[PDB]
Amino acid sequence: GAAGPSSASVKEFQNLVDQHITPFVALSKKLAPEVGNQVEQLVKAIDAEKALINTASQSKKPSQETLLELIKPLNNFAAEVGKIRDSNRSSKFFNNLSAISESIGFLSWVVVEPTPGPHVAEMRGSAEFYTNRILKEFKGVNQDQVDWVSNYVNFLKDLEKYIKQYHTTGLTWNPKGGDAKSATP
């Protein structure tokens, strides 16, 4: 069987953030301002996504109209992520910014059906084109660059497992739930 709507999917998602994203954020600020700024937006998108998962675990699947308003914030941060990287082509951290910008679509797993897991993996494939450049340049020379790459890639790897487990064929909603519309602002 499946887990169904469950506080466990909310808890495990946060465990993924604590494990991979928190140190990622520290490394990011340590690397450079533009990288810290772009990851700061990713974090906001991620936190918004956690809230979406929590709402879905407690609410019935909303109308498509309502479901666009709930992810609008997500889309906005994703947008900022790309703008930052697009305007920093001369940055020595362009590969870092592109690992994220070119895989930001991973956030959209919450509305991809019935293959959200494969969607994140495809996106990870895109970040890796750039994280491989990072490793090629810093493997054995800058462990912080290596650890930055590792936190992100493993975050996406664990995210795919989390999905296969708690939202196999799509974000899990609650048929006997409440109204998502009047969410928890």
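Just count from 1 along the sequence shown to find any residue number.
For the pair 173 to 181 and 160 to 168, the mean Cα B-factor is higher in 173 to 181. As listed in the deposited structure, the average C-alpha B-factor of 68 to 76 and of 108 to 116 is greater for 68 to 76. Annotation for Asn88: C-alpha temperature factor in the middle third relative to the rest of the modelled chain, per the entry. In the PDB entry, a CA B factor belonging to the lowest third of its chain's modelled residues is recorded for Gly125. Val35: CA B factor in the lowest third of modelled residues in this chain (values from the PDB entry). The deposited CA B-factor of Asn142 belongs to the highest third of values across its chain. Placement of the Cα temperature factor of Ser63 within the chain: highest third of the modelled residues, per the deposited record.
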